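K.L.:
The structure's right below; bear with me while I get my questions together.
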Amino acid sequence: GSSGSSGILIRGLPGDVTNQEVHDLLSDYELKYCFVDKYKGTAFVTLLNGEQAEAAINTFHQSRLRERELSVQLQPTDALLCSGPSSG
């Protein structure tokens with residue numbers, strides 16, 4: 001199969017970041033799950049397939065909002081921080 005995932009991660013959100021903001025941003029694809037966490041300042045969204053996720057991340061990535069740099073990347077492996085070798 002492909003090497004990726006649908007889940008996404010957005011870092012660096014505005015003080016007025018609301019669910020409506022994320023919904024409108026991805027109002028072109030199928031939003032199976034919508035999550036917005038102002039506390040930390042990030043937003044997690046789960047799309048249907050990986051194609052829609054890549055397109056959203058590609059555009060959302062290296063993007064800017066209100067004179068600010070936005071960081072976006074594919075969701076981690078169960079949001080589990082681990083330290084170790086990759087391979088070999």
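Read the figures in this text as sums done on the coordinates, not as results from a lab. Because the Cβ atoms are built from the backbone with ideal geometry, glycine has one as well, and the counts that use them run over all protein chains shown.
K.L.:
Please sort 3-16, 26-39, 43-56 by packing, taking for each peptide the average over its residues of neighbouring beta carbons within 10 angstrom, highest first.
P.N.:
Details: 3-16: 15.3, 26-39: 12.9, 43-56: 17.6.
Put in order of decreasing packing, that is 43-56, 3-16, 26-39.
K.L.:
Same structure again: Give, rounded to the nearest 20 debye, the magnitude of the charge dipole that the range 6-76 has about its Cα centre when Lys and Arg contribute +1 at Cβ and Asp and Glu contribute -1 at Cβ.
P.N.:
300
K.L.:
Would you calculate a helix-derived [θ] at 222 nm for the chain, using -39,500 (n - 2.57) for each DSSP H run of n ≥ 4 and dividing by the full residue count, to the nearest 500? Display every interim value, and only then the final one.
P.N.:
Values: 2 runs with 18 residues, N = 88.
Computed mean residue ellipticity for the chain: -6000 deg cm²/dmol.
K.L.:
Along the Cα-to-C-beta direction of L80, a point sits 7 Å from the Cα; which residues of the range 1-28 have their amide N less than 20 Å from that point?
P.N.:
Those under the cut-off are 3-9.
K.L.:
A follow-up question, please. Hey, how many Å between the Cα centroid of the range 60-88 and the Cα centroid of the range 6-58?
P.N.:
The range 60-88 and the range 6-58 have Cα centres separated by 13 Å.
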